[PDB]
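As structure tokens, the structure follows; a few thoughts come after it.
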Amino acid sequence: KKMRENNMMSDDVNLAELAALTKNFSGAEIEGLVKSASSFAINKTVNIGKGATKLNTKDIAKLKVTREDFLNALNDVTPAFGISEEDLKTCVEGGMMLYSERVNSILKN
Amino acid sequence: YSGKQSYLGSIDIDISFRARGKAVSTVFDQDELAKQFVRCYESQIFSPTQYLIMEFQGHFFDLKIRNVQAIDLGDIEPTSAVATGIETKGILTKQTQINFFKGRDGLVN
């Protein structure tokens with residue numbers, strides 16, 4: 001909420017898609033997602049460690065989170081209840097092929 | 001000696017109270033302190049680890065150059081690495097980004 005009305009948010013993010021992606025997320029997990037997404041944004045500027053002292057007005061004057069930060073953030077936060085569907089998506093890691101008509105009939109049925 | 005890097009781009013100064021009993025809770029303005037350092041000491045060559053004595057509004061302070069960033073005229077960006085090694089020195093200018101850090105005692109406000 002505050003992020004948007006303070007003009008710190010890129011215009012590219014569309015919330016509906018975010019809601020779509022997060023299947024089994026609980027109400028307490030979305031907040032960590034926000035935190036992680038912001039953490040990437042801020043880290044791009046500071047670069048803790050090696051490239052220190054780059055902090056300056058110009059950098060901090062135009063901070064905005066981007067969509068890909070959230071996409072990256074999905075790799076850190078993981079559901080707690082959506083742990084059995086992962087098995088299902090990995091069951092078809094081998095791919096699928098339609099070498100016969102039959103398969104189409106079966107799936108249709 | 002320096003060849004090119006002859007001016008001070010950014011200067012980091014640790015500020016501390018000389019007299020433990022002379023602590024004052026007054027809010028010190030960084031801009032005024034920087035102006036004080038420049039007005040009293042201008043175009044002066046400074047090294048890391050050099051000590052100094054500052055009289056600001058009757059208050060006497062120990063100043064400690066923790067690190068120095070030497071930049072040459074014409075450098076749009078401060079790409080130079082800030083050197084903690086004592087060898088780097090530069091000449092003060094009225095535009096150095098002066099960062100004041102609390103002393104080890106941590107009493108200066």
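Simple scheme: letters A, B, ... for chains in structure tokens order, numbers from 1 for residues in each chain, numbers from 1 for ligands in the order shown.
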| request: Pull the alpha helix (DSSP H) assignments for chain B out of DSSP run on the backbone, and list those residues as a VMD selection string. | output: chain B and resid 30 to 40
Could the residues in this selection be saved with N, CA and C atoms as a PDB file, in the first residue's frame?
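Result file is part_33.pdb:
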ATOM      1  N   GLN B  30      25.732  18.589  10.528  1.00  0.00           N
ATOM      2  CA  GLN B  30      26.851  18.090   9.735  1.00  0.00           C
ATOM      3  C   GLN B  30      27.362  19.144   8.770  1.00  0.00           C
ATOM      4  N   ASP B  31      26.453  19.849   8.100  1.00  0.00           N
ATOM      5  CA  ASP B  31      26.867  20.883   7.160  1.00  0.00           C
ATOM      6  C   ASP B  31      27.736  21.925   7.844  1.00  0.00           C
ATOM      7  N   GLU B  32      27.339  22.357   9.038  1.00  0.00           N
ATOM      8  CA  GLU B  32      28.122  23.355   9.751  1.00  0.00           C
ATOM      9  C   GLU B  32      29.479  22.799  10.153  1.00  0.00           C
ATOM     10  N   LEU B  33      29.529  21.525  10.533  1.00  0.00           N
ATOM     11  CA  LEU B  33      30.794  20.908  10.913  1.00  0.00           C
ATOM     12  C   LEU B  33      31.733  20.817   9.720  1.00  0.00           C
ATOM     13  N   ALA B  34      31.210  20.373   8.579  1.00  0.00           N
ATOM     14  CA  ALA B  34      32.001  20.332   7.358  1.00  0.00           C
ATOM     15  C   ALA B  34      32.511  21.720   7.008  1.00  0.00           C
ATOM     16  N   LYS B  35      31.637  22.717   7.112  1.00  0.00           N
ATOM     17  CA  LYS B  35      32.042  24.089   6.850  1.00  0.00           C
ATOM     18  C   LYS B  35      33.138  24.518   7.811  1.00  0.00           C
ATOM     19  N   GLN B  36      33.046  24.086   9.068  1.00  0.00           N
ATOM     20  CA  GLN B  36      34.066  24.419  10.052  1.00  0.00           C
ATOM     21  C   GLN B  36      35.410  23.807   9.674  1.00  0.00           C
ATOM     22  N   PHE B  37      35.397  22.532   9.290  1.00  0.00           N
ATOM     23  CA  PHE B  37      36.631  21.868   8.897  1.00  0.00           C
ATOM     24  C   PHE B  37      37.251  22.547   7.687  1.00  0.00           C
ATOM     25  N   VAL B  38      36.428  22.909   6.703  1.00  0.00           N
ATOM     26  CA  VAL B  38      36.959  23.534   5.497  1.00  0.00           C
ATOM     27  C   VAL B  38      37.469  24.938   5.794  1.00  0.00           C
ATOM     28  N   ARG B  39      36.716  25.717   6.575  1.00  0.00           N
ATOM     29  CA  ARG B  39      37.093  27.108   6.797  1.00  0.00           C
ATOM     30  C   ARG B  39      38.391  27.173   7.584  1.00  0.00           C
ATOM     31  N   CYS B  40      38.553  26.274   8.559  1.00  0.00           N
ATOM     32  CA  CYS B  40      39.757  26.299   9.374  1.00  0.00           C
ATOM     33  C   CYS B  40      40.929  25.645   8.653  1.00  0.00           C
TER      34      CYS B  40
END
| said: With only C-alpha atoms considered, list every residue of chain B at most 12 Å from chain A, as a list in words. | reply: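 Selected residues: residues 10, 11, 12, 67, 68, 69, 77, 78, 79, 80, 81, 82, 83, 97 and 99 of chain B.
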| request: List every residue of chain B that DSSP, applied to the backbone, labels as strand (DSSP E), and write the result as JSON, numbers by chain. | output: {"B": [7, 8, 9, 10, 11, 12, 13, 14, 15, 16, 17, 45, 46, 51, 52, 53, 54, 55, 56, 59, 60, 61, 62, 63, 64, 65, 66, 67, 68, 69, 70, 71, 90, 91, 97, 98, 99, 100, 101, 102]}
Go ahead and save the residues from that selection, with N, CA and C atoms, as a CSV table (one decimal), in the first residue's frame.
chain,number,residue,atom,x,y,z
B,7,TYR,N,43.2,15.4,-5.2
B,7,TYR,CA,42.2,16.0,-4.4
B,7,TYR,C,41.4,15.0,-3.6
B,8,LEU,N,40.7,15.5,-2.6
B,8,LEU,CA,39.9,14.6,-1.7
B,8,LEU,C,38.5,14.7,-2.2
B,9,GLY,N,38.0,13.5,-2.7
B,9,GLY,CA,36.6,13.4,-3.2
B,9,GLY,C,35.7,13.2,-2.0
B,10,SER,N,35.9,12.2,-1.2
B,10,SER,CA,35.2,12.0,0.0
B,10,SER,C,36.1,11.8,1.2
B,11,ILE,N,35.7,12.3,2.3
B,11,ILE,CA,36.6,12.2,3.5
B,11,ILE,C,35.7,11.7,4.7
B,12,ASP,N,36.2,10.6,5.4
B,12,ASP,CA,35.5,10.1,6.5
B,12,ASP,C,36.3,10.5,7.8
B,13,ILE,N,35.5,11.1,8.7
B,13,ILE,CA,36.1,11.6,9.9
B,13,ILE,C,35.3,11.1,11.1
B,14,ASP,N,36.1,10.4,12.0
B,14,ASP,CA,35.5,10.0,13.2
B,14,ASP,C,35.6,11.1,14.2
B,15,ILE,N,34.5,11.5,14.8
B,15,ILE,CA,34.4,12.6,15.7
B,15,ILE,C,34.2,12.1,17.1
B,16,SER,N,35.0,12.6,18.1
B,16,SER,CA,34.9,12.2,19.4
B,16,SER,C,35.1,13.4,20.4
B,17,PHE,N,34.6,13.2,21.6
B,17,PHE,CA,34.8,14.2,22.6
B,17,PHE,C,36.1,14.0,23.3
B,45,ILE,N,46.8,18.9,3.0
B,45,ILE,CA,47.0,17.5,2.5
B,45,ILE,C,46.7,16.6,3.7
B,46,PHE,N,45.9,15.5,3.5
B,46,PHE,CA,45.5,14.7,4.6
B,46,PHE,C,45.7,13.2,4.3
B,51,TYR,N,45.5,12.7,13.1
B,51,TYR,CA,44.6,13.2,14.2
B,51,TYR,C,44.4,14.7,13.9
B,52,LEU,N,43.4,15.3,14.5
B,52,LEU,CA,43.2,16.7,14.5
B,52,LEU,C,42.4,17.2,15.7
B,53,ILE,N,42.5,18.5,16.0
B,53,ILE,CA,41.9,19.2,17.1
B,53,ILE,C,40.9,20.2,16.5
B,54,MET,N,39.6,20.1,16.9
B,54,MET,CA,38.6,21.0,16.3
B,54,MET,C,37.9,21.8,17.4
B,55,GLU,N,37.9,23.1,17.3
B,55,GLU,CA,37.1,24.0,18.2
B,55,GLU,C,35.9,24.5,17.4
B,56,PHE,N,34.8,23.9,17.8
B,56,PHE,CA,33.5,24.3,17.2
B,56,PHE,C,32.6,24.9,18.3
B,59,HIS,N,33.6,24.1,21.6
B,59,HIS,CA,33.7,22.7,22.0
B,59,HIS,C,34.9,22.1,21.3
B,60,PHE,N,35.7,21.4,22.0
B,60,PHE,CA,37.0,20.9,21.5
B,60,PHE,C,36.8,19.4,21.3
B,61,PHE,N,37.1,19.0,20.1
B,61,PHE,CA,36.9,17.6,19.6
B,61,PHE,C,38.2,17.0,19.0
B,62,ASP,N,38.2,15.7,19.1
B,62,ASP,CA,39.2,14.9,18.4
B,62,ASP,C,38.7,14.4,17.1
B,63,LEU,N,39.3,14.7,16.0
B,63,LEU,CA,38.9,14.2,14.7
B,63,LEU,C,40.0,13.2,14.2
B,64,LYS,N,39.5,12.2,13.6
B,64,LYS,CA,40.3,11.0,13.1
B,64,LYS,C,39.9,10.6,11.7
B,65,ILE,N,40.8,10.8,10.8
B,65,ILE,CA,40.5,10.4,9.4
B,65,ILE,C,40.6,8.9,9.3
B,66,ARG,N,39.4,8.3,9.3
B,66,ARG,CA,39.5,6.8,9.2
B,66,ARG,C,39.9,6.3,7.9
B,67,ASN,N,39.4,6.9,6.8
B,67,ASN,CA,39.8,6.5,5.5
B,67,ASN,C,39.7,7.7,4.6
B,68,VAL,N,40.4,7.6,3.4
B,68,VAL,CA,40.4,8.8,2.5
B,68,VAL,C,40.1,8.3,1.1
B,69,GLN,N,39.4,9.0,0.3
B,69,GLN,CA,39.1,8.8,-1.1
B,69,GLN,C,39.8,9.9,-1.9
B,70,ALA,N,40.8,9.6,-2.6
B,70,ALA,CA,41.5,10.5,-3.4
B,70,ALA,C,41.0,10.5,-4.9
B,71,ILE,N,40.5,11.6,-5.4
B,71,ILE,CA,40.0,11.7,-6.7
B,71,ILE,C,40.7,12.9,-7.4
B,90,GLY,N,45.5,13.3,-0.1
B,90,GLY,CA,44.9,14.2,-1.1
B,90,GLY,C,44.7,15.6,-0.4
B,91,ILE,N,44.3,16.6,-1.3
B,91,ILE,CA,44.3,18.0,-0.9
B,91,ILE,C,42.8,18.4,-0.8
B,97,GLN,N,32.7,15.3,0.0
B,97,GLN,CA,31.7,14.6,0.8
B,97,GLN,C,32.3,14.2,2.1
B,98,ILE,N,31.9,14.9,3.2
B,98,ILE,CA,32.5,14.7,4.5
B,98,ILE,C,31.4,13.9,5.3
B,99,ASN,N,31.8,12.7,5.7
B,99,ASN,CA,31.0,11.9,6.6
B,99,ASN,C,31.6,11.8,8.0
B,100,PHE,N,30.8,12.2,8.9
B,100,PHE,CA,31.2,12.2,10.3
B,100,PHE,C,30.6,11.0,11.0
B,101,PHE,N,31.4,10.2,11.7
B,101,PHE,CA,31.1,9.0,12.3
B,101,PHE,C,31.3,9.1,13.8
B,102,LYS,N,30.5,8.5,14.6
B,102,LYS,CA,30.6,8.5,16.1
B,102,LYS,C,31.9,7.9,16.5
| field | Among listed residues A:67, A:89, A:102, A:108, nearest residue A:15 (using only C-alpha atoms) | value |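 Smallest separation from residue A:15 among the options: A:67.
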| field | Spatial neighbours of stretch 45-49 of chain A, max dist 12 Å, only C-alpha atoms, sep filter under 3 positions, as a count of residues only | value | 19
| field | All residues 8 Å or closer to stretch 19-25 of chain B, only C-alpha atoms, same chain fewer than 6 positions away omitted, as a ChimeraX atom specification | value | /B:107-109
Could those residues be written to a file, using C-alpha atoms, as an mmCIF file, in the first residue's frame?
data_model
loop_
_atom_site.group_PDB
_atom_site.id
_atom_site.type_symbol
_atom_site.label_atom_id
_atom_site.label_comp_id
_atom_site.auth_asym_id
_atom_site.auth_seq_id
_atom_site.Cartn_x
_atom_site.Cartn_y
_atom_site.Cartn_z
ATOM 1 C CA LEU B 107 28.877 10.237 22.944
ATOM 2 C CA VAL B 108 28.801 12.850 20.159
ATOM 3 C CA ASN B 109 25.199 13.461 19.063
#
| Contacts of stretch 27-32 of chain A at 10 Å (only C-alpha atoms; same-chain gap of 4+ positions) as a PyMOL selection string | chain A and resi 19+22+36-38+73+76-80
Restricted to N, CA, C and O atoms, what would the selected residues look like written as an mmCIF file, in the first residue's frame?
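Writing done, so here's out.cif:
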data_model
loop_
_atom_site.group_PDB
_atom_site.id
_atom_site.type_symbol
_atom_site.label_atom_id
_atom_site.label_comp_id
_atom_site.auth_asym_id
_atom_site.auth_seq_id
_atom_site.Cartn_x
_atom_site.Cartn_y
_atom_site.Cartn_z
ATOM 1 N N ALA A 19 -0.955 -12.892 -7.554
ATOM 2 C CA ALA A 19 -1.944 -13.704 -6.863
ATOM 3 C C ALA A 19 -2.096 -15.053 -7.534
ATOM 4 O O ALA A 19 -2.241 -16.074 -6.858
ATOM 5 N N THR A 22 0.961 -17.629 -6.640
ATOM 6 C CA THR A 22 1.141 -18.077 -5.268
ATOM 7 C C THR A 22 -0.003 -18.991 -4.868
ATOM 8 O O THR A 22 -0.913 -18.579 -4.151
ATOM 9 N N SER A 36 11.700 -9.916 0.701
ATOM 10 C CA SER A 36 12.754 -10.410 -0.173
ATOM 11 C C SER A 36 12.854 -9.573 -1.440
ATOM 12 O O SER A 36 13.957 -9.239 -1.906
ATOM 13 N N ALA A 37 11.708 -9.259 -2.037
ATOM 14 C CA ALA A 37 11.733 -8.475 -3.261
ATOM 15 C C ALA A 37 12.425 -7.146 -3.024
ATOM 16 O O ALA A 37 13.303 -6.742 -3.795
ATOM 17 N N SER A 38 12.072 -6.475 -1.931
ATOM 18 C CA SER A 38 12.740 -5.224 -1.601
ATOM 19 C C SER A 38 14.221 -5.444 -1.324
ATOM 20 O O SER A 38 15.055 -4.577 -1.620
ATOM 21 N N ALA A 73 12.459 -13.534 -6.220
ATOM 22 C CA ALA A 73 12.113 -13.734 -4.822
ATOM 23 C C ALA A 73 11.380 -15.046 -4.622
ATOM 24 O O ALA A 73 11.406 -15.618 -3.528
ATOM 25 N N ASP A 76 13.367 -17.916 -3.004
ATOM 26 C CA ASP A 76 13.741 -17.918 -1.599
ATOM 27 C C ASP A 76 12.612 -18.401 -0.704
ATOM 28 O O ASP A 76 12.772 -19.379 0.027
ATOM 29 N N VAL A 77 11.472 -17.734 -0.754
ATOM 30 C CA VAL A 77 10.320 -18.153 0.029
ATOM 31 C C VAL A 77 9.712 -19.381 -0.628
ATOM 32 O O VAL A 77 9.585 -19.445 -1.855
ATOM 33 N N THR A 78 9.354 -20.370 0.187
ATOM 34 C CA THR A 78 8.744 -21.595 -0.292
ATOM 35 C C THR A 78 7.515 -21.899 0.551
ATOM 36 O O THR A 78 7.548 -21.701 1.770
ATOM 37 N N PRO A 79 6.425 -22.381 -0.045
ATOM 38 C CA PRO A 79 5.257 -22.747 0.759
ATOM 39 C C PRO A 79 5.604 -23.768 1.825
ATOM 40 O O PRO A 79 6.679 -24.370 1.842
ATOM 41 N N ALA A 80 4.654 -23.954 2.732
ATOM 42 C CA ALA A 80 4.732 -24.986 3.753
ATOM 43 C C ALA A 80 3.684 -26.066 3.580
ATOM 44 O O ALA A 80 3.934 -27.218 3.939
#
| Near residue A:18, within 10 Å and counting only C-alpha atoms, which residues show up once chain neighbours fewer than 5 positions away are dropped, as a ChimeraX atom specification? | /A:13,23,67,70-71
| query | Please, what distance in Å, to one decimal, runs between atom CA of residue A:105 and atom CA of residue A:93? | reply |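 Going from atom CA of residue A:105 over to atom CA of residue A:93, I get 22.1 Å.
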| request: Choose the residue, out of B:43, B:18, B:2, B:49, that has the smallest atom-to-atom separation from residue B:96; count only C-alpha atoms. | output: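 Answer, going by the shortest atom-to-atom distance: B:43.
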